[PDB]
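Undergrad: I'd like to ask you about the structure that follows.
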Amino acid sequence: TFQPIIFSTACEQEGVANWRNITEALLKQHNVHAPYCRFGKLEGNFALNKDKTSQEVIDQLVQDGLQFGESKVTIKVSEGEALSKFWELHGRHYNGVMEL
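Residue numbers for the sequence shown follow PDB author numbering, so the first one is 31 and each next one is one higher.
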């Protein structure tokens, strides 16, 4: 029943990042723990806990994004209407990852 704050990511090049790498990168670089992470071909998403999400982290995430060598991955904050849309469209994906 948990609905964490959702963030979206996009890469400049394919193969620069993966769901595993992003989770490790996100943790180390921002010192935050993600309950959910999924990556597609060139883009992906991740979540953070409301208790483990701060404004300072959110500003940091968008501004600095995630660094993968010489490639940079941008981060976008999904909230409100965007968050509701994510749950509807990606609800099955979210559940599947959380179950694993």
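Don't be surprised by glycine CBs; every beta carbon is placed ideally from N, CA and C.
Under the three-state reduction of DSSP, which class applies to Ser-38: helix, strand or coil?
TA: Strand at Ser-38.
Undergrad: Where does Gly-110 fall in DSSP's three states?
TA: In the structure shown, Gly-110 sits in coil (DSSP, three-state: anything other than H, G, I, E or B).
Undergrad: Pairing CB atoms from the region 87 to 100 with CB atoms from the region 58 to 68, are three or more of them under 8 Å?
TA: The region 87 to 100 vs the region 58 to 68: in contact.
Undergrad: Just grab the DSSP bridge partners of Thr-31 for me.
TA: According to DSSP, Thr-31 bridges with nothing at all.
Undergrad: Whole angstroms are fine: how far does the CA of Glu-44 sit from the CA of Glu-109?
TA: Between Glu-109 and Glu-44, the C-alpha separation is close to 27 Å.
Undergrad: Return helix, strand or coil for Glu-73, following the three-state DSSP convention.
TA: Looking at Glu-73 - three-state DSSP - the assignment turns out to be strand.
Undergrad: Quick check on DSSP: helix, strand or coil for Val-103?
TA: Strand.
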